[PDB]
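Let's start with one chain on its own, the form deposited in one PDB entry, as structure tokens.
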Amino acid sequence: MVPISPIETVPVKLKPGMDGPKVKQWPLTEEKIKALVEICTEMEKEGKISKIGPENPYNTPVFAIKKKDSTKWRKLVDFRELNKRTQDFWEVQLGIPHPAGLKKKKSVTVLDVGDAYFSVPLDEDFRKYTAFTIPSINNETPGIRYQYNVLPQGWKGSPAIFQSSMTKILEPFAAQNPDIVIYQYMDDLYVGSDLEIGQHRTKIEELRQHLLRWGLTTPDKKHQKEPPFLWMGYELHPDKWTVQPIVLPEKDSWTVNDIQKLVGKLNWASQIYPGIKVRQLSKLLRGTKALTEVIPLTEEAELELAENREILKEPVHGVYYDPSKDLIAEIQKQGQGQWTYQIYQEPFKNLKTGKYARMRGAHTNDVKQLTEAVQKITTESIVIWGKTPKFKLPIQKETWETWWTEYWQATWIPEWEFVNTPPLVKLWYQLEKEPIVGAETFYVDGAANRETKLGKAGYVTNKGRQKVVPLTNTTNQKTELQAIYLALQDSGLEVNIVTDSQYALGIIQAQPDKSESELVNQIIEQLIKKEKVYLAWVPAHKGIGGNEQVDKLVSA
């Protein structure tokens, strides 16, 4: 006997105040019982389970399933009840690696660890909770009772405990072999390196020897598995990666569910295929939720779809990360709140692509959206590469400076350079900081009756220009905007506007270039045509001249 190091057990507890499962065992056919007896007999021989006495109060149901078409039975224990009662664990495999963060490898070998998979010992004190019963033939004898000595398949703590145990075993090998990488997925280990094939092969044997110290055998028969690997929806190749094939279906009629599937594929595709757009297609999914309901595709959605098909016509691949080179991120505006980006090191070879969509809200502008896209790409890049890319942005340096210096919020974007690739992000208007000499002064107001919803909006000016418009189906807030709109509409290229509306100031000081409000949009259109606009606020009902007059007129 060659002594092996034991694997230390992780201490496990039930959730506070909870006891173990007591669940009735289903009756089974005579054939299932016999097959389970045989399976458990074998498992018992290997030390995976042990027979127990009647004293253990616990039970979990056991099943037997024949695969599809076949004569072979396998044992399935239904752990649902025990899982509800088992403590939460630290889960490591959250946050899977992104292929674009991986490094190219000359060789990647797969090692079958299935032996270890079913061999990790279970905490001695927790074993009683895993009890199960094979029903007896005809129910004329007590059922055969067993509990697990090892991590059971399907138990809540099995994946975390297996991963942590394997990791601890592998740690010294990884540390003392900085020239390889090791990754564990299911019952396999993947070992890559850049070593010349002889040295690589030697590292693999050494790893097999290292694992032997815990008694973990790997088959002499070497893995049929070779690159490319199909993993987590990706194809990984030694020098490149892509997403697994994406084929958009041909359809005469589109179901809600069909459209959800389409968007899913497109979203998945967008991390490599540059320029993917989901806006119009996603719109069709609003409200509803009835899965089998068919929707007509709008002309816009048809167009988006056709554009996507073109983008998807042939395979595209990403390259891997070279830590010795800068990361560059370039962003383009696509229209309708849509933004697309590429991240690369060398020109024309992307590591990855992606998209950003405008956040929901009443009012917005391109600069805010661009800023949000930058922050998102920044955060994604920290995750994947541990660093911020240098940005190439379709906005002039002077535009950005004018923006951030005058914007009411603190705002910043990291190191970036202008790339001239229309459409450019620009400021459509900027209001004056001081009142304009020589420019006509419009005092605006509006009011509405909450009940009848009748209202008025208008202005009076220092030149004695005046307007009042009667309005139906309106609110006080709408009349306040309407009044500003009228002053813009009726003034020359330079204008001073005086309003008491805190609501309107709040919106305009947010500097929107687009709005869900038709009225805000009309105001923006008017601002764009002006040379100079000064907007001044005053408190209502203070006896402020020209403000009180117009207030009088618009009230009743």
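One-based numbering along the sequence shown.
Here the subject shifts to the form deposited with a small molecule bound, a form of this protein not shown in this document.
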property	result
Whether 276, 333 and 340 all lie within 4.5 angstroms of the small molecule in the deposited complex by heavy atom	no
Non-hydrogen atom contact residue 482 with the small molecule in the deposited complex at 4.5 angstroms	yes
Partner proximity in the deposited complex: residue 203 to the small molecule, non-hydrogen atom cutoff 4.5 Å	no
Residue 145 within 4.5 Å of the small molecule in the deposited complex, heavy atoms	no
Heavy atom of residue 522 within 4.5 Å of the small molecule in the deposited complex	yes
Stretch in contact, per heavy atom within 4.5 angstroms of the small molecule in the deposited complex, of 482-490, 289-297, 123-131, 303-311	482-490
Sole residue of 256, 439, 357, 471 within 4.5 Å of the small molecule in the deposited complex, by heavy atom	471
